[PDB]
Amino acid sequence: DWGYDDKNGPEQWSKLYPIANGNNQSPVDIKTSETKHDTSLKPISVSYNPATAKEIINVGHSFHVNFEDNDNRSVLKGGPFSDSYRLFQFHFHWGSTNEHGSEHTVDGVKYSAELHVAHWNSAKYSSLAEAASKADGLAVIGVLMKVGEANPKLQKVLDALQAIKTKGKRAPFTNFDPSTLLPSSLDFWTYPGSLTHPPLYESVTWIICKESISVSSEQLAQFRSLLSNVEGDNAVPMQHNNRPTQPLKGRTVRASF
């Protein structure tokens, strides 16, 4: 049973999941003097249908907002992709304090949290379960979250947490378009990487936005007040769930800009 504490955390994951020391692990530090601009990269295009929003779930180490993924109502196209990728989830990562909650870093700078909007390749594969382990199976947009002014676009998400306070609780989460959470510019970096927690499959093409979005100290406190225990047990707040950055191992981060 993996987690983020000192006994089951990132630094121990390789014992149960050897891919943790792999050649395509995420997150990474994006060193902008080493990025290579690629004129062949097309703009990112997202088109999400709010009716695909389904459920919010406390998964112990985090919470997930899941989407109906039976058709192409909600898709990501463009960027480095020739295939259409189907939205299935978004979630966040955060840290113990405002100093350090993002997963990716830019030129060594740590942000306070990070938004992940995840998709799977429905042109090539028949389901998320099939796609999750394929090199070209997943596409995840990462948005760095900079502590500052309260972000009103987060309101529905934050308001839902009181119903899923403890591990395993879940609730309907409907009529929501998560492209409202993205920054106004979709200039991006892209690199081949992995899931940032077990099973850590090297199946993710990452799309990291250049522009950050805001989040307030108090909104971050709402994340950290989620509980990792089941109802009735001693309360254990979800204090952090970000993985340290991992070596590029010769990978190239491409810039759309």
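All residue numbers are counted from 1 along the displayed sequence.
- With 6 to 14 and 232 to 240 compared on mean CA B-factor from the PDB entry, the stretch scoring higher is 6 to 14.
- In this entry, 69 to 77 has the higher mean Cα B-factor, the comparison being between 69 to 77 and 101 to 109.
- Residue set 62, 194, 219, 45: peak C-alpha B-factor at 45 (per PDB entry).
- The PDB entry assigns its highest CA temperature factor, among 35, 212, 203, 58, to 35.
- Ranked by C-alpha B-factor against the other modelled residues of its chain, residue 136 falls in the middle third.
- Per-chain ranking of the deposited C-alpha B factor places residue 53 in the middle third.
- Per the deposited record, the Cα B-factor of residue 83 falls in the highest third when ranked against the other modelled residues of its chain.
- Residue 30 sits in the middle third of its chain by CA B factor, as recorded in the PDB entry.
- Sort the modelled residues of the chain by CA B factor and residue 117 lands in the lowest third.
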